[PDB]
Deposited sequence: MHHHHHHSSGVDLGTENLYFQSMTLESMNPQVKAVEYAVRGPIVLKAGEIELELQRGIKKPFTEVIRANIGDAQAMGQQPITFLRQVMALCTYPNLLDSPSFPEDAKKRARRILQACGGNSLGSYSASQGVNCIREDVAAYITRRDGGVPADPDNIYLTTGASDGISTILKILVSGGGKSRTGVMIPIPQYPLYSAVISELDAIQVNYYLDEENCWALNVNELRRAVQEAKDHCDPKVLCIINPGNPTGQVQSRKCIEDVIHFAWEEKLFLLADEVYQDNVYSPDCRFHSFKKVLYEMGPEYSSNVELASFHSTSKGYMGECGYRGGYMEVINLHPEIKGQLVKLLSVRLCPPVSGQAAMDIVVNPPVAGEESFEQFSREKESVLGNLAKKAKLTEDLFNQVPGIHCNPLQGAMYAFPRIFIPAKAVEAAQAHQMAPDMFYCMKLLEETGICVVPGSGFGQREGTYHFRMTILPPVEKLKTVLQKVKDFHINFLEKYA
């Protein structure tokens, strides 16, 4: 299923190799076949295959760090320069003053709930943090082997890491009939069923969600923390999309803030690792890959393994670290760039909110498609109601129903989306992942195509 695509020798001292593996399923192969058809002049109903997958201050600080001579330029505000200088001067858990900046950023975001720089670890993406935390937590054998609880629909990193570590995957189903909510009665069933054949010890929460685009309510975060406390579960709070919250009905509440607000009975006891990245959201930068995790209440046995693991790895590249520093040091009240930064953010978030409402509106006025509200992150996961007969057609082709549907959509419109079966879903349900990344007029055009295709599809099978 997985095939070797590339290798990179990252270093010899210490020696690290990075291997890329590609899954080359039916859609990937067909998209390639179609791209070559278009290249040798085959006339198609579309002219291209479409996949789909800004803040001045950040560009400015980045430009200053790339070319420090611009610290004497007047093309640049002084609050930018102040960031560049601190980063240039600073360049084991990560650079000290960057960890301080993250801590201070957490504190501001959480309305004054304190964060300690010594609980911060800089990583090469949230992926690296999640891998590292899961690796130090998995142990035991047979019926005592660590169970890791993960949502369905999945962000497929977690399944993959669980396999590499030979841990046991414990599925919990996000609640599609209540905006993809985490449902504790459901988590309780999943934990109770898994205890026969593993030791459930870890619970991974993705908020805002991917590919489901939901934002959890405070009460629900609170009920999950209580459940984790009760069952002695280590929580991983994957919060990489925390700045991309759109709905006026929703806000981002960190697991950190809620844990602390529940009081010391919880906040002294519950183990929590919260992740953040430089790659996601409207503050997202590319090229320079950074991240952090904030870890609280780490059991000493676990911390020992972390200290060792970090003694034998190289620090994350400092440019990733610098990138993270920029994202956790935006301008604050009374600084030169605060007002324009504030206007740029609001405009970007208003445009996403607009695309979100637009997408969900269109799907919900098309029969046989239903879309939960898109509250944050960049993806929707619409449910497709595939007739028992289009299901039969799909079966005849040896394909999952939504794979077949997504293949046909590609073949007719050139629109290339990922089927729900790439993420997992409740048995008997079918979805696909949609992005709101495209600009509004293009997004409108994609949604028209998806609508026409969808109506015809139902007519046909």
Missing C-alpha runs, given along the deposited sequence, first residue counted as 1: 1-16, 70-79, 118-127, 498
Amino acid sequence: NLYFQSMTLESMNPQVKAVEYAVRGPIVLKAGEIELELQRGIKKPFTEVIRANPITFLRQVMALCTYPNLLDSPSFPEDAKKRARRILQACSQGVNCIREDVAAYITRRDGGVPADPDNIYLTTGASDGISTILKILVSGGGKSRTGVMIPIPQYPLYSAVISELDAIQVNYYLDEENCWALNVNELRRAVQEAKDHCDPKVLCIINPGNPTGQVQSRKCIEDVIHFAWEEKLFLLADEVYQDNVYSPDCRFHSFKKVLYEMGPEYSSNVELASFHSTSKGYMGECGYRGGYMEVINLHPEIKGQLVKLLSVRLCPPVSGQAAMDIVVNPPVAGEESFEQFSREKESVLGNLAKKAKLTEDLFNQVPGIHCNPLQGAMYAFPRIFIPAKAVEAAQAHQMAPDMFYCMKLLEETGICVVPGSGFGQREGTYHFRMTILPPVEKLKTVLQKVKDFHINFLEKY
From here on, numbers count along this sequence of modelled residues.
191-199 versus 373-381 - greater average Cα B-factor per the deposited record: 191-199
Residue stretch of maximal mean CA temperature factor, 298-306 vs 157-165: 298-306
Highest-ranked of 389, 226, 108, 219 once sorted by CA temperature factor in the record: 389
Out of 231, 100, 128, 285, residue topping the C-alpha B-factor column of the entry: 285
Entry-reported Cα temperature factor of residue 57, expressed as the chain third it lands in: middle
Entry-reported Cα temperature factor of residue 277, expressed as the chain third it lands in: lowest
Residue 116 - Cα temperature factor, lowest/middle/highest third of chain: middle
Chain thirds of CA B-factor: placement of residue 367: highest
Ranked against its chain, the third holding the CA B-factor of residue 147: lowest
